[PDB]
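Data block below; observations after.
Virtual Cβ from ideal backbone geometry, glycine too; neighbours counted across all protein chains shown. Just so it is clear, none of the values below were taken in a lab; they were calculated from the coordinates.
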Amino acid sequence: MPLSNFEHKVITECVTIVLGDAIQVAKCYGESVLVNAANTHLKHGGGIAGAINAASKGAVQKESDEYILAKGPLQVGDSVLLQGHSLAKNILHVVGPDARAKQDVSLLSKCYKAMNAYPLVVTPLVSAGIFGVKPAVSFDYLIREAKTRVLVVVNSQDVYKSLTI
Ligand SMILES: Nc1ncnc2c1ncn2[C@@H]1O[C@H](COP(=O)(O)O)[C@@H](O)[C@H]1O
């Protein structure tokens, strides 16, 4: 039982909240799709994006640079399915809105709808770090959209406590 390794709370038959590292959660599930909380240029310099890139030994960034050079930058709310690099079956790069730039927070709906294409998704709370969206607000957008099995992973115990009462 992969989740026995982690404190967690089942919210619905779709959505479970997990305390830990989303990369280590996804490693337990060979058929999971791991969500990267990315920016429009897929520049994975810090945050969960930097951690995912480091776990891939830089391979994620090389793949992202090829994609962006070929396709041009993404829009806020866009998502792109790329290779998993042995971290997960695939990695879904999702561009959440940046509240610092007063971008439309409701674009999180579009971000989370994109996860419904996959039978099992491991995701952080998109935009919930430096992009300035409060975790409970990002969770609100997630639970409204999720139609598949989603493990929502938070690496702060204070965030986990606040989300589980
Ligand atoms: N490995 C991780 N696993 C789960 N959550 C993370 C991880 N790294 C960062 N976070 C949090 O997930 C949210 C989105 O990450 P970020 O896009 O980097 O702001 C923020 O609340 C981060 O603090």
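When only residues in region 39-48 that are over 19 Å from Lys113 (Cα atoms) and more than 9 Å from the ligand (Cβ to nearest atom) count, which is surrounded by the fewest Cβ atoms within 10 Å (Cβ to Cβ)?
Residue satisfying both the conditions and the ranking: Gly45.
Just give me the residues in region 15-69 being assigned to a helix (DSSP H, G or I) and among the acidic types (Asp, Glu), in sequence order.
The answer is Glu63, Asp65, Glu66.
Can you tell me which condition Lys147 does not meet? The list is (1) assigned to a loop (DSSP other than H, G, I, E, B); (2) surrounded by 16 or more Cβ atoms within 10 Å (Cβ to Cβ), and all the others hold.
(2)
Search region 100-130 for residues being in contact with a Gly (Cβ under 6 Å, 6 or more places away or on another chain) and over 16 Å from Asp78 (Cα atoms), and hand back the single one that is farthest from the ligand (Cβ to nearest atom).
Among those that are in contact with a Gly (Cβ under 6 Å, 6 or more places away or on another chain) and over 16 Å from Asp78 (Cα atoms), it is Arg100.
Of all residues in region 78-106, how many are touching a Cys at 6+ places or on another chain (Cβ under 6 Å) and more than 13 Å from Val33 (Cα to Cα)?
Of the residues in region 78-106, 1 are touching a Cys at 6+ places or on another chain (Cβ under 6 Å) and more than 13 Å from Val33 (Cα to Cα).
Quickly run through region 9-38 and pick out the residues that are free of Cβ contacts under 8 Å to residues at least 24 places away in the same chain and within 10 Å of the ligand (Cβ to nearest atom).
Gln24 - this is the single residue of region 9-38 that is free of Cβ contacts under 8 Å to residues at least 24 places away in the same chain and within 10 Å of the ligand (Cβ to nearest atom).
Is there any pair with a first residue in region 142-161 that is touching a residue at least 12 places away in the same chain (Cβ under 8 Å) and under 11 Å from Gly20 (Cα atoms) and a second that is acidic (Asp, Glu) and more than 9 Å from the ligand (Cβ to nearest atom) whose Cβ atoms are under 8 Å apart and which are 6 or more apart or on different chains, and what are they?
Note: pairs meeting the criteria are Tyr160/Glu7.
Would you mind finding the one in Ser86, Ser79, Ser64 that is hydroxyl-bearing (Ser, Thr, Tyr), over 24 Å from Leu108 (Cβ atoms) and more than 13 Å from the ligand (Cβ to nearest atom)?
Criteria check complete, one pass: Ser86.
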